[PDB]
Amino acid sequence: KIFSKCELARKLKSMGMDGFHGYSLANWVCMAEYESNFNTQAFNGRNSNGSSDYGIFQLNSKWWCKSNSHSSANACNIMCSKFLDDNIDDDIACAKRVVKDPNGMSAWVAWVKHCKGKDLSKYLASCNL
């Protein structure tokens, strides 16, 4: 599924993300835009390592989930394969956990590159939320 910005924004808002760990809704939606272009099937292989990044939040299989050929820490206790599904509840539960690490949202490189430096005050202004 490719979400639209505002549709993603509604889903994340409904699931307690707005302000989650000090990160505003706009920040979370911007991270998804730049990580995966809002696509639940996004998949980015080998990479820097061996590992891969899965789903709308491009969660890596060395740290966050378990994959086929690439063994894992599995901090989200889940098979990477679930993050390629259309439903994003698992992905959200895992992103909630990722951001709890010391690097915060800087775990997501595309957020650091495309969001962190930006004025996002108007990013969700077209949205009916």
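From 1 onward, residues are counted along the sequence shown.
Chemist: Which is higher on average in the deposited entry, the C-alpha temperature factors of 94 to 102 or of 70 to 78?
Modeler: Comparing averages over the C-alpha atoms only gives 70 to 78.
Chemist: Mean C-alpha B-factor higher for 34 to 42, or for 48 to 56?
Modeler: According to the PDB entry, the answer is 48 to 56.
Chemist: What third of the chain, by the recorded C-alpha B-factor, contains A9?
Modeler: Lowest third.
Chemist: Check where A125 lands among this chain's C-alpha B-factors and tell me if it's the lowest, middle or highest third.
Modeler: Middle third - that is where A125 ends up once the chain's C-alpha B-factors are sorted.
Chemist: Looking at the entry's B-factor column for C-alpha atoms only, identify whether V109 ranks in the lowest, middle or highest third of its chain.
Modeler: For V109, the deposited C-alpha B-factor lands in the lowest third.
Chemist: Lowest, middle or highest third: where is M15 by Cα B-factor in its chain?
Modeler: Ranked within chain, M15 CA B lands in the highest tercile.
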